[PDB]
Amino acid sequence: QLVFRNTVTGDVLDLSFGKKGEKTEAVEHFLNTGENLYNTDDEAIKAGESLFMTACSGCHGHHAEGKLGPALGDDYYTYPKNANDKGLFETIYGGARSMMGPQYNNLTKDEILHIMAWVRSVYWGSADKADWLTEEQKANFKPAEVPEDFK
């Protein structure tokens, strides 16, 4: 019985709100466990890259290096819960401050998990701060390519 909460207000997120897609295995798994099955799925990561460019790149940069909103590929966080997949989904679904609007009406839950897998795949921060990774994944993790513009 997971309690999903708004990143800014702490209000409960009603996950039945917003754009309905097919009720996929990744979404049912996520609603039960806060684990994103697409983190390891190369096909899903590819589809997440394309959804991030459409929905996110204008504010976060085509390499998640940050532009108007922050870098999403680094181990620095505005909200520390965004280091884990339950928090990241909450921030995307429910929105945060200012121009970071909720995406519940723009994207299905399955599309958000695709985008989330892609955001994790381009990570260039330290394994020690990667809360979404298992101890096994950390031990075997190489930081991805830093974007130039991250300085």
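Position 1 is the first residue in the sequence shown; the rest follow in order.
Averaged over their C-alpha atoms, the temperature factors of 26-34 and 110-118 are higher for 26-34. Set 137-145 against 7-15 and average the Cα temperature factors; 137-145 ends up higher. Per the deposited record, the Cα B-factor of residue 67 falls in the middle third when ranked against the other modelled residues of its chain.
Among the modelled residues of its chain, residue 84 has a C-alpha B-factor that falls in the lowest third according to the deposited record. In this PDB entry, the Cα temperature factor of residue 53 sits in the middle third of its chain's modelled residues. Annotation for residue 99: CA B-factor lies in the middle third of the chain's modelled residues. When the CA B factors of the chain's modelled residues are split into thirds, the value for residue 45 lands in the middle one.
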